[PDB]
Amino acid sequence: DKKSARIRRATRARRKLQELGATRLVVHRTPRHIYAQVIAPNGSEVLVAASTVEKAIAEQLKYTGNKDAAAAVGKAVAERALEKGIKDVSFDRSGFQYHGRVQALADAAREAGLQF
Amino acid sequence: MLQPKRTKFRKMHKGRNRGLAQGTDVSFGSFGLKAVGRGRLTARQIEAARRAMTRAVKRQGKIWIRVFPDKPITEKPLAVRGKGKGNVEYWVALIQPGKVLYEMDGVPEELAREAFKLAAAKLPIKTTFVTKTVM
Amino acid sequence: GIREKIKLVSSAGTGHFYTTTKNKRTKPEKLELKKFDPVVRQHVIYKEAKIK
Amino acid sequence: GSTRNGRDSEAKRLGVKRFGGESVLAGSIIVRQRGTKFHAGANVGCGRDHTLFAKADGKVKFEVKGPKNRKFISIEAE
Amino acid sequence: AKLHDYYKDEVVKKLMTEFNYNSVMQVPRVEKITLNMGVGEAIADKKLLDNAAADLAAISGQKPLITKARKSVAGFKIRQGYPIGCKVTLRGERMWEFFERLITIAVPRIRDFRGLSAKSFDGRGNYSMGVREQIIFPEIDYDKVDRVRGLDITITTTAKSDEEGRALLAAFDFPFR
RNA sequence: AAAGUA
RNA sequence: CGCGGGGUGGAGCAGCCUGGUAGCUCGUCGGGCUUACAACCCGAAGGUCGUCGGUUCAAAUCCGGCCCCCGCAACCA
RNA sequence: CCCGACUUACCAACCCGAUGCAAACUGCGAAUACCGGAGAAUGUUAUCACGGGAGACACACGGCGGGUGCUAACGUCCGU
RNA sequence: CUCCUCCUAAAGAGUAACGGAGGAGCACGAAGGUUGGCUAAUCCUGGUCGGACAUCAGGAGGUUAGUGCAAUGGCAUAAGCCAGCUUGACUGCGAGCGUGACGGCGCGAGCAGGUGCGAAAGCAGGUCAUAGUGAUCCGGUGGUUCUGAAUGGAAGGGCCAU
RNA sequence: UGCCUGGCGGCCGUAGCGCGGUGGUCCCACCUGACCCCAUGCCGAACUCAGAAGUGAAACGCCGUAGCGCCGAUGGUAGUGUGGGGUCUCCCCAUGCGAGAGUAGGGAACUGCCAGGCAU
Ligand SMILES: [K+]
Ligand SMILES: [K+]
Ligand SMILES: [K+]
Ligand SMILES: [K+]
Ligand SMILES: [K+]
Ligand SMILES: [K+]
Ligand SMILES: [K+]
Ligand SMILES: [K+]
Ligand SMILES: [K+]
Ligand SMILES: [K+]
Ligand SMILES: [K+]
Ligand SMILES: [Mg+2]
Ligand SMILES: [Mg+2]
Ligand SMILES: [Mg+2]
Ligand SMILES: [Mg+2]
Ligand SMILES: [Mg+2]
Ligand SMILES: [Mg+2]
Ligand SMILES: [Mg+2]
Ligand SMILES: [Mg+2]
Ligand SMILES: [Mg+2]
Ligand SMILES: [Mg+2]
Ligand SMILES: [Mg+2]
Ligand SMILES: [Mg+2]
Ligand SMILES: [Mg+2]
Ligand SMILES: [Mg+2]
Ligand SMILES: [Mg+2]
Ligand SMILES: [Mg+2]
Ligand SMILES: [Mg+2]
Ligand SMILES: [Mg+2]
Ligand SMILES: [Mg+2]
Ligand SMILES: [Mg+2]
Ligand SMILES: [Mg+2]
Ligand SMILES: [Mg+2]
Ligand SMILES: [Mg+2]
Ligand SMILES: [Mg+2]
Ligand SMILES: [Mg+2]
Ligand SMILES: [Mg+2]
Ligand SMILES: [Mg+2]
Ligand SMILES: [Mg+2]
Ligand SMILES: [Mg+2]
Ligand SMILES: [Mg+2]
Ligand SMILES: [Mg+2]
Ligand SMILES: [Mg+2]
Ligand SMILES: [Mg+2]
Ligand SMILES: [Mg+2]
Ligand SMILES: [Mg+2]
């Protein structure tokens, strides 16, 4: 199963981040959409979030499942995080390769101001 | 003469023999010979009693042996002083009170009683005749 | 105990050396590794030589 | 005759050195073990021989956590 | 491509009418075609494996993968990791082109050919057949062969049983006996 | 040079 | 009993050490020389290695028992 | 000839059901003992550290838990 | 006769016998570091040579595999399998702790300098761990801002590495 | 406010299997192409990218159902600390602690944060 394989792929880094007590920037990717959440060190409270299923973000995109959409989501999540005053997170690729849409989101968040 | 076909280890600690038995019900036949005492049953004894039983019933019915001699017993040869554990010489089953040792089926109760008495005369432990119970 | 002792000698000319072992029958090629030289306080190339 | 046995190795003094609720200083060994019968929790490290040791001052806490019902040792800050 | 279009344009409706499927996604599909050569003589001369791989590459239009022993076997004098075979996996356009070539050219050229067995199904709708001589493939020149070589062909199908697998294969006019 | 027996 | 060494074509003996089908001499069989036999010449066959277990992908081989044989030792009062 | 067709004095692996055994078995698991914290009473500080002086390092039997021996020894070797 | 693993050993440690069983006196510049990826045995069915067992495909199964070498404790976030880049198998130190009669032996965050892998958080002071060993003396080799029997040197000595 | 879905957790079988049914507006999944970023020790299978014609078939989620797994008393039994006793290899008495297995029975999880869709 693809989902179980990816969860297995992500577990080691997630356990390391929990042990380090870091604030996570977790990314989730589907063929149609991309999502980003900033999660508190306890792992059960979401501080900010942004995705292409939000109207305010999706209305400005030709397609919600490509690198341009990924960059828009990264920029939006970084701006909301900076508005909340977070500024310091660790990237959680969630078992996806650091590449393509995931990398474009991360680069947009870095450019917008998140430190990771 | 029963004895394990193979074992993990050749020799065993003496140990002890406390407690009451597990396996106190006639489970396979209709009649049983049950131990009332505590002790060891050698393979030779088990087989001497089996022979006595079987000849008494004229090889009719069915007989189960509920105990198996899985404990090896070592001895030191004569005129030896230490120097390592002795050699395995025979095999025993440890018996606690309540242990059903043999069961019989397919024969009348009187004949089973006679056969079991002849068998018990070969054994070093006191025994008693039991019958199957519904519960 | 077929493995033989060898030294790895700094290329920085300081005389500093590390020591280790090597299976000379299976790997005749000289061992070469970048290691920290505490005399010049830099990582440099170190090359195999006889143990003495 | 003679015996082919007669050998043994020295006892390794493994086991739990600090039990639940004990106050420890950072660095203290909590358990010595072969492999991870106990696992490292919060503020605990696992050394190269799988010794669990305190990474902060505090009180020893044992718990059972996770999907495998594994045993973890952590240090509660005091 | 021709056989893929034939599938999508006749076989889907044929199978839907035959088996009363409620969804087009339920129709059996040709997942992949795998060609294998068990070159057990390479342990004496590895160059034989090279020749077999060249033949497989010529037959399939694809670079083959050398397959090694999973474990040491005393009976065949092979140690674990010994290269003893070569395989090719065909999907998509390459699969369809090879399927068409095999159906329309190579199979009729089989020596004493009288139809393929319909019992060569593994129970889950996948088909396996054995080609005794590679010369049946026109991509192999009969004059330059140094040694006759066979192979195994497996057609892996998304069918759920042998009946659906054979129906799908026969919809392409597979030369069953 | 080496050739026993019936 | 203790310490060693062994057991492999019909006989005597190699190979074992150090894991990947094992050989020599005599003997046997078929042919040849002879009136015939012997001697001699040519050709061929014959053992999964004492018996079991274990290790090993694989054991004549390494390890552990069991049987048989040989050589030393089994003593002081 | 390739096949095959029956039958077992039969032996029966795997699996299913039922019955036991284990120092070097454990999908369970005590009593005690041990480590740590808190509290009262009691106890000639009974505790720890440093320093002056030693003796001792052949132990015995009895109870309990055991190895060995024959669940032999006023036997032998540990634990308490 | 030293070392390692199990049991005896009485659910903390330790615990004897000419008690019961097995191993070591190494191996590896990758079999070490790191990043990314992956998941076993066995059986059934179909398939050229190919057979009980080679490679191929599917299914069952779920670690019954694997671990450089004994045994125990571990291991899926794998410590098991594959590949890229590499030298942290770094140098100076070290809060604190374990274990020893002692000589000693072990675990260790963190600090300074310099380094590898990673986008990054980070990881790396050898290897899944526990055997693979030998005090002191006497000398050998290299280094050295130490010493240098009147003085300058030198010899010899010290210190550091071996 | 309710229903549905996705992500991250708590918890770690009363929560997992099996069997039956059911869902596509959205979401998810399969899916459509691949010259390209990237990739196959062969293969766009996987990874990756560009998309949205089709389908809920598979997967997933939800609902139902004890054939299993799982949980599980009360009582009794085993063992056992201390003191006493016997016919002392083994037991009994007073007191304190008290299983394991099995029985009755339970049982088709519960829950926090954020986001989206629909009704309202
Ligand atoms: K199929
Ligand atoms: K005793
Ligand atoms: K005593
Ligand atoms: K113990
Ligand atoms: K490596
Ligand atoms: K590597
Ligand atoms: K010390
Ligand atoms: K000097
Ligand atoms: K002078
Ligand atoms: K000098
Ligand atoms: K359930
Ligand atoms: Mg006992
Ligand atoms: Mg018992
Ligand atoms: Mg030990
Ligand atoms: Mg004569
Ligand atoms: Mg004399
Ligand atoms: Mg206390
Ligand atoms: Mg003394
Ligand atoms: Mg003494
Ligand atoms: Mg004494
Ligand atoms: Mg004493
Ligand atoms: Mg006693
Ligand atoms: Mg007296
Ligand atoms: Mg005495
Ligand atoms: Mg006595
Ligand atoms: Mg203990
Ligand atoms: Mg104890
Ligand atoms: Mg003592
Ligand atoms: Mg002592
Ligand atoms: Mg001892
Ligand atoms: Mg030895
Ligand atoms: Mg990794
Ligand atoms: Mg200190
Ligand atoms: Mg630094
Ligand atoms: Mg970098
Ligand atoms: Mg080292
Ligand atoms: Mg390794
Ligand atoms: Mg190791
Ligand atoms: Mg001298
Ligand atoms: Mg002078
Ligand atoms: Mg001078
Ligand atoms: Mg795709
Ligand atoms: Mg469905
Ligand atoms: Mg009760
Ligand atoms: Mg209970
Ligand atoms: Mg369910």
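Side-chain atoms are counted along with the backbone in the values below, which use heavy atoms only and exclude waters and symmetry mates. The chains referred to below are lettered A, B, ... by the order of the sequence lines, with proteins before strands, and numbering in each begins at 1.
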Shortest side-chain distance from [X], nucleotide among [options]:
X	options	value
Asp49(D)	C56(I), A129(I), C49(J)	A129(I)
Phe116(A)	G96(I), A120(I), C43(J)	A120(I)
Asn36(E)	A120(I), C42(J), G47(I)	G47(I)
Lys67(A)	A50(J), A78(J), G100(I)	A50(J)
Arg3(C)	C25(H), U130(I), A27(I)	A27(I)
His13(B)	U5(I), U8(I), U71(H)	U8(I)
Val73(E)	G9(J), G114(I), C53(I)	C53(I)
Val46(A)	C27(J), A109(I), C113(J)	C113(J)
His99(A)	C38(J), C27(J), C42(J)	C38(J)

- Message: Between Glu31(E) and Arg124(E), does any NZ, NE, NH1 or NH2 come within less than 4.0 Å of an OD or OE carboxylate oxygen?
- Response: no
- Message: Please tell me whether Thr52(A) and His33(A) have a donor and an acceptor in their side chains that are separated by less than 3.5 angstrom.
- Response: yes
Pairing defined as Watson-Crick or G-U wobble with both contacts under 3.5 Å. Yes or no for [N] and [M]?
N	M	answer
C24(G)	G12(G)	yes
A21(I)	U5(I)	yes
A94(J)	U80(J)	no
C29(G)	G43(G)	yes
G140(I)	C38(I)	no
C105(I)	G98(I)	yes
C43(I)	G12(I)	no
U14(J)	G23(J)	no

Has the side chain of [X] got a donor or acceptor that lies under 3.5 Å from a partner of the other kind on the base of [N]?
X	N	value
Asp8(D)	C7(I)	yes
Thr89(E)	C42(J)	yes
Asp152(E)	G47(I)	yes
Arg8(A)	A76(I)	no

- Task: Mark this stacking check for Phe17(C) against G142(I) as yes or no, applying ring centres under 5.5 Å and ring planes under 30°.
- Result: no
- According to a strict under-4.0 Å criterion, is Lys12(D) in side-chain N/O contact with OP1 or OP2 of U72(I)? no
- So, north or south for the sugar of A11(I), given that a negative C1'-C2'-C3'-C4' angle means south? north
- Message: What contact category does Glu32(C) fall into here, base, sugar-phosphate, or nothing, at under 4.0 angstrom with non-hydrogen atoms?
- Response: nothing
- Query: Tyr18(C) vs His16(C) aromatic rings, parallel, tilted or perpendicular, using cut-offs 30° and 60°?
  - Reply: perpendicular
